[PDB]
Structure formats: C-alpha cells, structure tokens
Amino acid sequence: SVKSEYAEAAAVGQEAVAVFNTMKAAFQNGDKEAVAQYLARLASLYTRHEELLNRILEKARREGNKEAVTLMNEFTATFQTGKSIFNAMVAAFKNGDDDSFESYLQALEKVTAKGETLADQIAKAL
C-alpha cells in the first residue's frame, strides 16, 4: 500500500540521517577522503528518497487524498530546500571551503528537523 511505501521512504530518509551524522563526524575529524565517499552515498540516498516521495505524492493525488497531497506538497518543497543546500555543501567541499561547509551542514540539520515534523504528519494522513 501507499502506507508501506511511505515506511520504506522513511527508512531511506533515516539512512541518510545516519550517514549524514557519520559524515559530520568525519568532517570535524579532518578525514576528507571519508567525507567525499559519504557525500557520494548521501547523494544516492537523497535521489532514492526523492524518487519514492514523488511516487507517494502521485499516488495520493490519484487516490484523491487531499490532506495527504497538501502535506506532501509542503514536504517536497522542504525537500528541495534540502537539495539546494546539499548541493552548495558539495560545492563547498570541492572548493576546499570548510567555513561554508560547516555553515551548510548546520543549515541542513535545520531543514531535516522541520522536514521530520511534516514527515510525521504525512504518516498519519495516508
């Protein structure tokens, strides 16, 4: 069902949170080779999460679940803010700019926190 598809999507989201927290630790420690691999893994996970969220949104639209669609539209908007900040972070890493990186890392933590509140509401709406 769409609800089981959302539980899959949530798990992928949690995998990215885990990898993000490991990547932060490696950045603080100065292990740039590790950070590079974690960023590549995060890009894959976020791509996968987005593909699942889009399928869920489209299914809720086809099902006429207006409340779920409202909440999912808000969430995919928040997701795009994440994506933009993540790209900026990846660029800052490529450029060697640790100041921007640290900033963007903090910014992504805020996006994720707000996203999870919406994420919790979507679960109850589907």
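The first residue of the shown sequence is 1; numbering continues from there. Here the rigid core means the biggest group of C-alpha atoms that line up within 1.5 Å when the two forms are laid on top of each other.
Superposing the other copies on the rigid core and comparing 8-16 to 109-117, farther C-alpha placement in 9 other deposited structures of this protein marks 109-117. Relative to one another, 55-63 and 95-103 have unequal mean CA B-factors, and 95-103 is the one with the higher figure. Mean CA temperature factor is higher for 115-123 when stretches 115-123 and 2-10 are set side by side in the entry. In the deposited entry, the Cα temperature factor of residue 23 places it in the lowest third of its chain's modelled residues. Among all modelled residues in this chain, the alpha-carbon of residue 74 has a temperature factor (C-alpha) in the lowest third.
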